[PDB]
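First, one chain by itself: the form deposited in one PDB entry, in structure tokens.
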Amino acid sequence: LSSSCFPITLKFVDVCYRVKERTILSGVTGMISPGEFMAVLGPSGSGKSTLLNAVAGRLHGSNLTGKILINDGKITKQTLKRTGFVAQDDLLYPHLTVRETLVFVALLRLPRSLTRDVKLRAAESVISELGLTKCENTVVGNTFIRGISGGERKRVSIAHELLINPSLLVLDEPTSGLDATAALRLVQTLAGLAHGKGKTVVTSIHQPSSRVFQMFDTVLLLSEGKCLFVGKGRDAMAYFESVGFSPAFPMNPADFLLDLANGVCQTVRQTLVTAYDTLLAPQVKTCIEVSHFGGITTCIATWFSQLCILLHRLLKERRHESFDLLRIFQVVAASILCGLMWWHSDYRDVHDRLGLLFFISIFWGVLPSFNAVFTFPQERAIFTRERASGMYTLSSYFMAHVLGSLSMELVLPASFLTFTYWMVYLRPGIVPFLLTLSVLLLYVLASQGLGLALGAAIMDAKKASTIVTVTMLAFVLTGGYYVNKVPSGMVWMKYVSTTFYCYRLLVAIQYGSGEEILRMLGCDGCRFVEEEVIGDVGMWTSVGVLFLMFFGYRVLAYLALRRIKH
């Protein structure tokens, strides 16, 4: 909102940064007043992006030296309520629209003390302020999904920070990758935020155009971290002229200053360092000195409010993954092939029924585990950016993925079984169908948690697609169908198999405790119904271990995500 926008007079004196002892900054000094649009200029590797991260307050410790002052005071936690940092990379969900993106951010970022209709009025007030009205119902997209323009993807990211009404806006190269005229209108917007709304905007332009440079108020030019010039942009050429450096051909003045910052001026970098420290840097240093200024029920309902908005956002986005048309075709074709190869099958052919019930165990253990290993690596960049700026606390983020995957992932196994239970002539009745559906859906969830835990432990999505393939290969081979005479050192491995407990449960639903197909076959091929259809584990032992793998593989996925800060 365009009120007085409570003022921030940012100062920094003697900021020195050293990473390992490469000095990135070595004595920068300046101050940015309210209503001022500063542009930080400099070549690559000059310390532009490091000075802005120290201005924003997100490079702390003993690597940093010097003082950064917000209204003659240090950077507390109550000053970072009024500071907004727009990073260089825009991390957005591609399948949300522009209005849906900024409504969900306005419900998570703005305080809970406000009404819901107030927080939708704060999201429609940054769409019109940044000029996002014409694209507000268009999806965001990415390089694959076609969506909004490249200059409007930057305005969606500035709108994430403009929702909390910051007094200081720090942008890290916002015009990089835009056009010539989309980068001019972005600088026209950021200058209007400072001149016409009382903010303090500081940004770092990479290679300014001719009329882009005409829009800055103040310019700070860095060579390798030693700050050649601080002052008005219309006074930059007249200073370097009366130290002895004038251009020869018609230049963009932003091309002339970046020539001096390298020391490639045609007819000097250490000449301009001492020239700054004898004409201008005393005058800046006096300006630093002259300028002188619920209960336990509320934190539970805050968690359930954050979960319901995160679940509602995740369902509009992660339903193009679950119901991908190449994923539906893979289950539709498996339903037709399973229902044609075992069409009107006989329950007295025991060896064919057990290969039916084992193919269901292979297919619905390999397929949910392989898709779930991409869930957490794909959103590591969006989670880290949005958890750092408030918005959630990894308990509501994780539970919105746990609850949002019990919903989307159960539609396709339930449609597989409804199709191929009555064509394949499995055990008739409403009760054996609902027990077969209950065991299959509990197995799909217990096998999905194996991929969630491996994807959270190995945050590489390709290195973990190999470990879940080797793990599901050992689970299928010990599931109890391929090998009957297991060697003595390998009989333990079936008890950690997820496929072993689903398959033993499906045989107990279809065949019982033997003794009814023994009233169909003689024997009561005699031990072929004494090691295959009666088994070893009970029915309640097999159910309780599939529940221990449902809860246990998602506790391990939480603890894997808890250690990364990612």
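Between two forms, the rigid core is defined as the largest C-alpha subset superposing within 1.5 Å. Numbering starts at 1 and follows the sequence shown.
- Annotation: residue 295 belongs to the positions left without coordinates in at least a third of the other compared entries, with flanking residues modelled.
- Across the other PDB entries of this protein whose models span the neighbouring residues, residue 516 is modelled without exception, so it is unmodelled in far fewer than a third.
- The deposited sequence places no unmodelled residues between residue 515 and residue 516, so the chain runs continuously there.
- Where coordinates are absent for parts of the deposited sequence, a chain break appears; between neighbours residue 293 and residue 294 it spans 10 or more residues.
What follows is about the form deposited in another entry, which we do not show.
- Looking at 224, 136, 217, 379 after a core superposition between the shown form and the other one, you find that only 224 has a C-alpha shift of 2 Å or more.
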